[PDB]
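Q: Input: one structure, supplied below.
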């Protein structure tokens, strides 16, 4: 069985709270979706692996002050909010692959 709190974040208007955790979620999401930093970053923020890899490397503290950061991290935050069935679809449609089962 799947143990862990994964409830849908109740609607909060148009105010997303980005936290350092965002980085962690990205790390697992990849292993969970079976994708790479390039893919997840290509379907999440549509950036290049390098842009993603770094995020996980430096893991700079996210804040509403940093645009280039907050902005991107904002789009990636909404992606993770999607249901497993969804994210899996985006990754698949984007980067096709036989690996499945």
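Q: If you stretched the chain out fully between residue 71 and residue 56, how much longer would it get, using 0.36 nm times the residue separation minus the C-alpha to C-alpha distance? Provide the component values of the computation, followed by the final result.
A: Values: separation 15, 0.36 × 15 = 5.40 nm, distance 1.65 nm.
3.8 nm is the gain from fully extending residue 71 to residue 56.
Q: Among 66, 15, 81, whose mean-square fluctuation peaks in a Gaussian network model of the chain (Cα, cutoff 10 Å)?
A: Result for the chain, Cα springs under 10 Å: 15 fluctuates most.
Q: Averaging sequence separations of C-alpha pairs under 8 Å and six or more residues apart, then dividing by the length of segment 18-96, give the relative contact order as a whole percent.
A: Details: 69 pairs, mean separation 30.0, N = 79.
Relative CO of segment 18-96 lands at 38 percent.
Q: Tell me, what is the FRET efficiency for residue 92 and residue 49 to the nearest 0.05, using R0 = 25 angstrom and their Cβ-Cβ distance as r? Can you show the working numbers first?
A: On the way: r = 19 Å, r/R0 = 0.75.
Once the sixth-power term is evaluated, E becomes 0.85.
Q: For the chain, count all C-alpha to C-alpha pairs, find those more than 21 Å apart, and express that count as a whole percent of the total. If you can, show how the numbers build up before the last one.
A: Working: 1706 of 5050 pairs.
Every Cα pair in the chain considered, those over 21 Å come to 34 percent.
Because the Cβ atoms are built from the backbone with ideal geometry, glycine has one as well, and the counts that use them run over all protein chains shown. Values in this text are rule-based calculations from the coordinates and carry no lab data.
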